[PDB]
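Next up is one chain by itself, shown in structure tokens, the form deposited in one PDB entry.
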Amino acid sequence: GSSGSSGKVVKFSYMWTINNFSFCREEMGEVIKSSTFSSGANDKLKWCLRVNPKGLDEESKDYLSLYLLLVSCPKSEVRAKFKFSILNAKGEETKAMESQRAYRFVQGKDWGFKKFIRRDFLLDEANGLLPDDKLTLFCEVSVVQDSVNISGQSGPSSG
């Protein structure tokens, strides 16, 4: 619905601080998957982030390769918007890449960018993105919803 009502959108952010980012002993192909984060409750729809310090390919080996992977999902496919950002030593957003478009996510789907930031830039002191060698990646996921509000308050039916 382009012209009319839009609805509600469930979004949630998750701060992932990778201690010793410069110590990542991963090849130029391996990826680092972080735990599963959700809006709050033990929702069935989970999400994960795949970051690559040593890059993924020879084209973006110098820069970092981050991608949003859908660890697990309740329904077949799910649409949501992702946003990657870096929190400097002052916990301030810098060198973040956001897009005003939602992609199709499915159990085992990876979507993101090849060249997110120059690895040499992070380790750089001028920026101070890593005051203690900790890579804090602030991601934000927004699941498209349709004014849907699921409530419980059901009977105990205990005994």
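Numbering starts at 1 and runs along the sequence shown.
Omitted here: the form deposited with a partner chain bound. The next part is about that form.
With a 4.5 Å cutoff on heavy atoms, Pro53 does not count as touching the partner chain in the bound PDB entry; it lies far away. In the bound PDB entry, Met97 approaches the partner chain with a heavy atom inside 4.5 Å. Using a 4.5 angstroms threshold between heavy atoms, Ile117 counts as touching the partner chain in the bound PDB entry. Although the partner is absent from this view, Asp124 stays clear of the partner chain in the bound PDB entry, with no non-hydrogen atom inside 4.5 angstroms.
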